[PDB]
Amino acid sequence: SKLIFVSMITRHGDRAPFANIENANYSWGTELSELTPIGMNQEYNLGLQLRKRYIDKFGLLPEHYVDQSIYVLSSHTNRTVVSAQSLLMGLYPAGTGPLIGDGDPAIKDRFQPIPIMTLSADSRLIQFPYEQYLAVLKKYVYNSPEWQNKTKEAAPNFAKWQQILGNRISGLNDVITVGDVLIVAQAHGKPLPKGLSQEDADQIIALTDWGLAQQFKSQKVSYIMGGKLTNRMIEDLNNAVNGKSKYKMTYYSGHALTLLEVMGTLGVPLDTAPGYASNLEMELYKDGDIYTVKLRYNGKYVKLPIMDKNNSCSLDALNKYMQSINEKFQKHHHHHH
């Protein structure tokens, strides 16, 4: 069997936060929500790892980029576009880019440009727009027994955390909001907010990780947000077999939610929120007329319920699996007055 196609999702690299902790004076060195130099480096290094895997080891891809061999689509954010660019600088590094004339580089250092398309900001394919995402949570997650139970457990800490941090803390949603800032602060070696013990910071961060993962332990929530992309990736695999597409790889540059929603849709939800440069690959193998698929998440194969002891299933089986998921969550349409 030979690897013939891969579809990949990444989360972007280290970024600045979206929000500020009111009672802290953190300085990030880049604008809110932008990819940091560390984040660029993380994605670049992931690119180098992917070169060793899909070029050196499997030989799916060549050492010098072939035009129209990789389709890259990013959400409409700076961090996801720059993350894809940075990753591709590792996958096809300086020294491998094209020459003109007598072996003179097209671009100094033989950089290799690889096109990245973006969705519109309004697209729901790679990420739901933030307010639409929160609306799904309000409807399907916040009143769930698991969310309410965890809320009751954590609630005795809300008043204290609110007075320490300044930011409103009146539910797990607010804990998650400030938790992201604390995660960024820790990733950048910043001091704790005054009056927030390491114990308290650890608890807030733990609740944040728990909460993000809990959202997608619902296959329904996962499908609402991720059904479209999951279907599209499987269709990419099919197009690699049916002659429709000549791409060796499709790469969707996305977010924590992108990874959570696809894993959750497939019935293998994550127990932890994806860290920076987390990544998922659907690998398609060919042995004669037999086509098989494997699913890789952060460097380890994942066993879908339909897979064998070798973490593998036929593409036909994956199709049937996805079809059943689509039917399971199909909406009953109604007419109106």
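All residue numbers refer to positions in the sequence shown, first residue = 1.
I need to verify one thing: averaged over C-alpha atoms only, is the B-factor higher for 238-246 or for 181-189?
Result of the comparison: 238-246.
Tell me which stretch, 10-18 or 324-332, has the higher mean Cα B-factor listed in the entry.
Per the PDB record, 324-332.
Among 307, 38, 32, 280, where is the Cα B factor highest in this entry?
307 has the highest C-alpha B-factor of those listed.
Of the choices 194, 255, 152, 232, which one's C-alpha carries the largest B-factor in the record?
Spelled out: the listed residue with the top C-alpha B-factor is 152.
Considering every modelled residue of the chain and its Cα B-factor in the PDB entry, is residue 58 in the lowest, middle or highest third?
It falls in the middle third of the chain.
Taking the C-alpha B-factors as the PDB entry records them, is residue 132 in the lowest, middle or highest third of its chain?
For residue 132, whose C-alpha B-factor we compare with every modelled residue in the chain, the answer is the middle third.
Could you look up the Cα B-factor of residue 294 in the entry and say which third of the chain it sits in: lowest, middle or highest?
Its C-alpha B-factor belongs to the middle third of this chain's values.
Going by the recorded CA B-factors, say which third of the chain residue 269 sits in, lowest, middle or highest.
Middle third of the chain for residue 269's C-alpha B-factor.
Against its chain's modelled residues, does residue 51's Cα B factor rank lowest, middle or highest third?
It falls in the bottom third of the chain.
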